[PDB]
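Everything below concerns the one structure shown next.
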Amino acid sequence: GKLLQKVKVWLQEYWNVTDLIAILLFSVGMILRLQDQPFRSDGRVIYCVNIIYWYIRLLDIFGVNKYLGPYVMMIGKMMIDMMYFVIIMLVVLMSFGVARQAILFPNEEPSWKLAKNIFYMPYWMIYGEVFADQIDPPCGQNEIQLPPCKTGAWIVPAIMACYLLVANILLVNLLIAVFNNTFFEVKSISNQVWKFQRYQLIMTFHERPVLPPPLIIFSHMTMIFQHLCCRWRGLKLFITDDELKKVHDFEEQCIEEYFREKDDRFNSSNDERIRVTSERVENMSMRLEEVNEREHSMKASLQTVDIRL
Amino acid sequence: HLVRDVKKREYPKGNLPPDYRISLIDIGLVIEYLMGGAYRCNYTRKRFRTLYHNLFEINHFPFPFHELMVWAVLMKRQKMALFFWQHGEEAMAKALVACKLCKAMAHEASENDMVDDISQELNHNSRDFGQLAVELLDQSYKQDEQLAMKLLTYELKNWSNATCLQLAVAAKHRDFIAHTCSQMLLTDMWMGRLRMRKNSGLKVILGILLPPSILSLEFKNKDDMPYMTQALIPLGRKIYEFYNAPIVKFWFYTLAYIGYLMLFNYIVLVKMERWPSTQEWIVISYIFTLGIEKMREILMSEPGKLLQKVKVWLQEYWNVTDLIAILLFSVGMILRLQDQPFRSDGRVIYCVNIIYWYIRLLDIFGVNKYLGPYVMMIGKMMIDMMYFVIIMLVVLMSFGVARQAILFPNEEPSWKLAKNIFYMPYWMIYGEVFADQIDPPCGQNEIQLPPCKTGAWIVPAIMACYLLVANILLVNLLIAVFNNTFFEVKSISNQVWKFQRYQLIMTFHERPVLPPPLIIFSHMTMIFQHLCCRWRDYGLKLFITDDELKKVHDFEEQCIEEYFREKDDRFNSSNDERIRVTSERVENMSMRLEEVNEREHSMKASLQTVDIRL
Ligand SMILES: CC(C)CCC[C@@H](C)[C@H]1CC[C@H]2[C@@H]3CC=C4C[C@@H](OC(=O)CCC(=O)O)CC[C@]4(C)[C@H]3CC[C@]12C
Ligand SMILES: CC(C)CCC[C@@H](C)[C@H]1CC[C@H]2[C@@H]3CC=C4C[C@@H](OC(=O)CCC(=O)O)CC[C@]4(C)[C@H]3CC[C@]12C
Ligand SMILES: CC(C)CCC[C@@H](C)[C@H]1CC[C@H]2[C@@H]3CC=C4C[C@@H](OC(=O)CCC(=O)O)CC[C@]4(C)[C@H]3CC[C@]12C
Ligand SMILES: CC(C)CCC[C@@H](C)[C@H]1CC[C@H]2[C@@H]3CC=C4C[C@@H](OC(=O)CCC(=O)O)CC[C@]4(C)[C@H]3CC[C@]12C
Ligand SMILES: CC(C)CCC[C@@H](C)[C@H]1CC[C@H]2[C@@H]3CC=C4C[C@@H](OC(=O)CCC(=O)O)CC[C@]4(C)[C@H]3CC[C@]12C
Ligand SMILES: CC(C)CCC[C@@H](C)[C@H]1CC[C@H]2[C@@H]3CC=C4C[C@@H](OC(=O)CCC(=O)O)CC[C@]4(C)[C@H]3CC[C@]12C
Ligand SMILES: CC(C)CCC[C@@H](C)[C@H]1CC[C@H]2[C@@H]3CC=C4C[C@@H](OC(=O)CCC(=O)O)CC[C@]4(C)[C@H]3CC[C@]12C
Ligand SMILES: CC(C)CCC[C@@H](C)[C@H]1CC[C@H]2[C@@H]3CC=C4C[C@@H](OC(=O)CCC(=O)O)CC[C@]4(C)[C@H]3CC[C@]12C
Ligand SMILES: CCC1(c2ccccc2)C(=O)NCNC1=O
């Protein structure tokens, strides 16, 4: 009932929140694109990043298909482990990047292009680009005359060797191991979660109107109009009291059957049988010890009675 | 043999004369050696040795079961060592000390190369005292938890005024430390005299960045249990309590270490001038001031002899690579203050230091609950990676030499040859193929190309075989090695990470207040207090009262007969022992009920004979 609690409930679904953000960005892009050049092209830029978002949202649309849904949930779960990977990738990538920029270009004034130079080539080394010409550029020889070699420029092959070995061979393989050791647990969690979130989809598309979004302005103005003039003008079965009495009766049968069914599994479980046999047999020894002593007394009495006759 | 080893080590005979009645004093000396550290055995305190020598009432040592726990362990008498352990007091100390003595006699017996069954069974006995310690600790957690905190962090006066935590880490007794009682105990030392515990970590950084937010933080209650070493105005003491807490001093060294990093990547990108820049003076400060801190950790170590203190420092793998890079940056600092060409060299020496201080962030990231295990993951993987690299190195050279021969047949001796062996095939395993240099066309009008050096119809083949062996075969193995070792490496190195939480705690609690740039002021107070009081202890204990001593004992013996009670009762109601008991009883039922029917054979004839008589 409170507006802030409405905003919280609408903040629960994250996809809806990113819908609101991207709709706001497309409005900003409309503003700039319907504004004069040079603001036109920036509106087209904003349209491009919105295209990116609307494209991704097809993964949320790819949920009904019973296999594709838990795959989307799989890539959502593997996000956190990629984060771990991403932090360490930064550390190592930033290491070779700063070292490479500090050797290959010694004399440089401060500028933000330095950051792009550090993060440029090291990052694309991960995806198969060694940058073969700039691995060890030939220097100091003559063929013209080659420019002079920087002091200790043979460091850059060796450090880029160790960075490539740590990146492509250790860390990617370790993320292979991470994703492969967490697959099974994420199967069980995610197929249960897809069957759970199916409910939220069920009830949302029940309350959703008939008309598609291009034509939903009609159904919205109809609904707002009919509610405001109707000021002057779940999917429960609402089952009546007879069947309601039968569903109570049915439920009482299920309750009694489960309770005495777990009792019969409790007794027929073999540790129950063995425990019984144990205490019973113990009572047997006590009884038959009494039987044997009393029988000895009875045999003595019978011997005396036969001595009488 | 132990007596022979350390009496000859201390008192400098031969094979020790067997008539030597080994003193209780010398038995005190063997306990101190097998402990290591600063464990001073009750026998070797000066009062016990003066009482010994004056005699050669107080003959009955006040707590006899403790001296018989040692008597037994030293004699490898395991059935009596468990016997003495049940009937007694401070049993958490008794089992954790005996876990340490056992492990210690184990590596000694293999060091002298005695009978291997002694060294073997001493590992198993050290485990046997081990699990009884952690099962007794688990059951102290089952009862009142707050009493069980005071049991461990109790000052174990008979066991050299130690703590059960101090003892268990020295015992390397992992699942003691990883237990839930000791973890949230170490969390209590970590937050220090604060409370919070609600997405913490952020507001402690906000306390440092914004000093006035210190007032809003809910500090820990006035008594609570302040774990402590050798034992307007409230706003100033609350300033002190925040700026002495171990999580505070960690994040304040962490902002100092990120802060140093932001200044030592800037000075190496931008050109250095003849006199060092103001940024680089801050850099030159931070390394040297941290060098004074690093040598202080060596100087204030727990052992006495300086070579032994250096050995304990050498155990900390990370702290030695700090010293190597402090010295390395100092050599590059001298060359930087010199002119060309040493000036250009000193920049490159700085460039090599750039990598290590980046790598020194990995451990700092090792504090986190998930990144901490992840750093420990990578360290166990690289023993497997070295193997991978050796098999790499055979096959890589395989193509590297066999191409340098074919492509360049006529070359003189030069070190350029060994470069071109290793250069090009090693850059192939990361994606490149060097496509034009695979099979360049030769001896054909294009201008007639230079002649095909004979054998160049083979170097495509041996490279193609090299790419399948390198990029495919081994790479798939290092995948299969990694995937089938991650299971054991994860489950161990979580508990390893919970073990190194202890070490981190003790270190930052000893670390001074001020950051490594400003730590000269906390150093100069440390030197000044040392020198003026020369002209005029590690651990976090409670030193609780004597009436609370007996109470913490009484809790503990109720834990002792509790654990021994359901240990017996789990076995009298284990499944397989019920079957055992029934197979006995019935067995008794067979001979006894054989007797009953065979004796009522006499009674059946007795009634029938009396029927004839009647
Ligand atoms: C071409 C480039 C720029 C693509 C950028 C990739 C990311 C923008 C995408 C790729 C896969 C996406 C993930 C795929 C699966 C899921 C599970 C799914 O989670 C939910 O439905 C729960 C709530 C929510 O986060 O919406 C949607 C988010 C998430 C993490 C997605 C978040 C956005 C990700 C990381
Ligand atoms: C732990 C990680 C995050 C280390 C990352 C370090 C870099 C991201 C930072 C550290 C210091 C920064 C530099 C500090 C100061 C300047 C001057 C600055 O100069 C100007 O703004 C004037 C001209 C221009 O606009 O470039 C340009 C960015 C630059 C080189 C910065 C680029 C980015 C640097 C290298
Ligand atoms: C979870 C992951 C993605 C963390 C990564 C965050 C940062 C490491 C990234 C995110 C955006 C990056 C910035 C995006 C854009 C630029 C502008 C760029 O400027 C130039 O190249 C100047 C133009 C020129 O070349 O002259 C310098 C790098 C920098 C600051 C980047 C530095 C690194 C940043 C801060
Ligand atoms: C850009 C190039 C130069 C990359 C640099 C590679 C190495 C300098 C790095 C990569 C991964 C690092 C390792 C990552 C994790 C660990 C575990 C951890 O090990 C220990 O604490 C010692 C225990 C052990 O021997 O495993 C900290 C050091 C170590 C071995 C690191 C040592 C330095 C390594 C090998
Ligand atoms: C078995 C696998 C996993 C590791 C083996 C790789 C390294 C042993 C090799 C591969 C490439 C080699 C580098 C290739 C080129 C050079 C440049 C070389 O310097 C020069 O030739 C001077 C500069 C010039 O002449 O242009 C010094 C050796 C070095 C760093 C080499 C050192 C050894 C490296 C790193
Ligand atoms: C099975 C694996 C481990 C064996 C690998 C051995 C080769 C790769 C090495 C071992 C000794 C090396 C040689 C040792 C010394 C020299 C002299 C060296 O001479 C110069 O650099 C200049 C000579 C001059 O001053 O005239 C040229 C490289 C060469 C032939 C080396 C080439 C490479 C060799 C054969
Ligand atoms: C087992 C793993 C860890 C790798 C094994 C290490 C070696 C295979 C590396 C380490 C240092 C390397 C050497 C470092 C420097 C040089 C000098 C380099 O000489 C030149 O490049 C001369 C200049 C020119 O090319 O004209 C030739 C390669 C060589 C011998 C490298 C050969 C390969 C070495 C011995
Ligand atoms: C994944 C499995 C099926 C491996 C498949 C690879 C082979 C079917 C191909 C790949 C590249 C081929 C090689 C590429 C180049 C040559 C050079 C060729 O010699 C010439 O053409 C004469 C002189 C010259 O130009 O080298 C002889 C065959 C050979 C070794 C080829 C033999 C067949 C190879 C090994
Ligand atoms: C050099 C790294 C570091 C450090 C270590 C862990 C956390 C924060 C800082 C430091 O900068 N000063 C104190 N000793 C150190 O080893």
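Note that each Cβ is placed from the backbone with ideal geometry, even for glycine, and that neighbours are counted across all protein chains shown. FYI, it's all coordinate maths here, none of it is from the lab.
In the set (1) assigned to a loop (DSSP other than H, G, I, E, B); (2) in contact with a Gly (Cβ under 7 Å, 6 or more places away or on another chain); (3) of a type outside the set (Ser, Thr, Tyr), residue B:514 fails one condition alone, (2). A search for C-beta distances below 8 Å between a residue of the range B:453-479 that is within 20 Å of residue B:392 (Cβ to Cβ) and any residue that is away from ligand 4 (no atom under 16 Å from the Cβ) and of a type in the set (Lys, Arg), counting only pairs 6+ apart in sequence or on different chains, returns B:459/B:403; B:462/B:403; B:463/B:403. Taken together, B:385, B:381, B:377, B:392 contain a single residue that is facing chain A (nearest Cβ under 10 Å), buried (at least 18 other Cβ atoms within 10 Å of the Cβ), more than 27 Å from the chain's Cα centre (by Cα) and within 30 Å of residue B:470 (Cβ to Cβ), which is B:392.
Just one of (1) away from every other protein chain (no Cβ under 14 Å); (2) of a type outside the set (D, E, K, R); (3) under 27 Å from the mean Cα position of the chain (by Cα) fails for residue A:215. It is (3). Of all the numbered requirements in (1) buried (at least 16 other Cβ atoms within 10 Å of the Cβ); (2) in a helix (DSSP H, G or I), residue A:54 misses one, and that requirement is (1). Take residue B:392 and decide whether it is touching a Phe, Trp or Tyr at 6+ places or on another chain (Cβ under 9 Å), within 9 Å of ligand 7 (Cβ to nearest atom) and within 16 Å of residue A:158 (Cβ to Cβ). It is true that residue B:392 is touching a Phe, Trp or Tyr at 6+ places or on another chain (Cβ under 9 Å), within 9 Å of ligand 7 (Cβ to nearest atom) and within 16 Å of residue A:158 (Cβ to Cβ). Among the residues making up the range B:411-452, those that are loosely packed, with under 11 Cβ neighbours inside 10 Å and within 16 Å of ligand 6 (Cβ to nearest atom) are B:412, B:413, B:414, B:415.
Residues in the range B:314-358 that are within 20 Å of the chain's Cα centre (by Cα) and within 13 Å of chain A (Cβ to nearest Cβ): none.
How do the pairs read when you match residues in the range B:124-145 that are over 16 Å from residue B:561 (Cβ atoms) with residues anywhere that are buried (at least 23 other Cβ atoms within 10 Å of the Cβ) and among the small types (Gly, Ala, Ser), using Cβ under 7 Å and keeping only pairs 6 or more apart or on different chains? Correct list of pairs: B:129/B:95; B:129/B:98; B:133/B:95; B:141/B:148. Taking every residue in the range A:280-296 that is within 11 Å of chain B (Cβ to nearest Cβ) and pairing it with any residue that is among the hydroxyl-bearing types (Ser, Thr, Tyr), at least 6 positions away or on another chain, the pairs with Cβ-Cβ distances below 6 Å are A:281/B:582. Scanning the range A:104-123 for residues that are more than 9 Å from ligand 3 (Cβ to nearest atom) and either loosely packed, with under 12 Cβ neighbours inside 10 Å or in a helix (DSSP H, G or I) (or both) gives A:104, A:107, A:109, A:110, A:121, A:122, A:123.
Yes or no: residue A:168 within 11 Å of chain B (Cβ to nearest Cβ) and within 16 Å of ligand 2 (Cβ to nearest atom)? Considered against the rule, which asks whether it is within 11 Å of chain B (Cβ to nearest Cβ) and within 16 Å of ligand 2 (Cβ to nearest atom), residue A:168 comes out as no. When the residues of the range A:140-156 are filtered to those that are of a type in the set (A, V, I, L, M) and not in a loop (DSSP other than H, G, I, E, B), the one that is farthest from the chain's Cα centre (by Cα) is A:155.
Within the range B:604-613, the set of residues being more than 8 Å from chain A (Cβ to nearest Cβ) and over 30 Å from residue A:280 (Cβ atoms) comprises B:605, B:608, B:611, B:612. All of A:43, A:63 fail the test of being more than 16 Å from ligand 4 (Cβ to nearest atom), assigned to a helix (DSSP H, G or I), more than 14 Å from every other protein chain (Cβ to nearest Cβ) and surrounded by 15 or more Cβ atoms within 10 Å (Cβ to Cβ), apart from A:43.
Restricting attention to the range B:163-195, the residues that are surrounded by fewer than 17 Cβ atoms within 10 Å (Cβ to Cβ), of a type in the set (D, E, K, R) and under 30 Å from residue B:215 (Cβ atoms) add up to 1.
Condition check ((1) within 14 Å of another protein chain (Cβ to nearest Cβ); (2) exposed (fewer than 14 other Cβ atoms within 10 Å of the Cβ)) across all residues:
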site	(1), (2)
B:516	no, no
B:527	no, yes
B:535	no, yes
B:575	yes, yes
B:578	yes, no
B:585	yes, no
B:590	yes, yes
B:602	yes, yes
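Scanning the range B:247-280 for residues being assigned to a helix (DSSP H, G or I), within 22 Å of residue A:111 (Cα to Cα) and out of contact with any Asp or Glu (no Cβ under 6 Å at 6 or more places or on another chain) gives a total of 13.
For (1) out of contact with any helix residue (DSSP H, G or I) (no Cβ under 7 Å at 6 or more places or on another chain); (2) closer than 27 Å to residue B:347 by Cβ; (3) among the aromatic types (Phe, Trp, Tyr), each residue gets a yes or a no:
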site	(1), (2), (3)
B:216	yes, no, no
B:220	yes, no, no
B:233	yes, no, no
B:239	no, no, no
B:259	yes, yes, no
B:270	yes, yes, no
B:273	yes, yes, no
B:305	yes, no, no
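Among the residues of this structure, residue A:137 counts as one that is surrounded by fewer than 15 Cβ atoms within 10 Å (Cβ to Cβ) and either more than 10 Å from chain B (Cβ to nearest Cβ) or over 42 Å from the mean Cα position of the chain (by Cα) (or both). The single condition from (1) at the interface with chain B (Cβ under 8 Å from one of its Cβ atoms); (2) closer than 26 Å to residue B:346 by Cβ that residue A:130 fails is (2).
There is at least one residue in the range B:409-417 that is among the hydrophobic types (A, V, I, L, M, F, W, C), within 12 Å of ligand 5 (Cβ to nearest atom) and within 12 Å of chain A (Cβ to nearest Cβ).
Of all residues in the range A:256-275, exactly one satisfies the criterion of being among the hydrophobic types (A, V, I, L, M, F, W, C) and either on the phi > 0 side of the Ramachandran plot or at the interface with chain B (Cβ under 10 Å from one of its Cβ atoms) (or both), namely A:274. Only residues that are exposed (fewer than 13 other Cβ atoms within 10 Å of the Cβ) and hydrophobic (A, V, I, L, M, F, W, C) were counted across the range B:229-255, and they come to 4. Scan the range B:14-33 for residues that are surrounded by 10 or more Cβ atoms within 10 Å (Cβ to Cβ) and in a loop (DSSP other than H, G, I, E, B) and jot them down. Correct list: B:16, B:20, B:22, B:23.
Residues of the range B:273-328 that are farther than 20 Å from residue B:509 by Cα, surrounded by 14 or more Cβ atoms within 10 Å (Cβ to Cβ) and among the small types (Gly, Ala, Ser): B:277, B:285, B:325.
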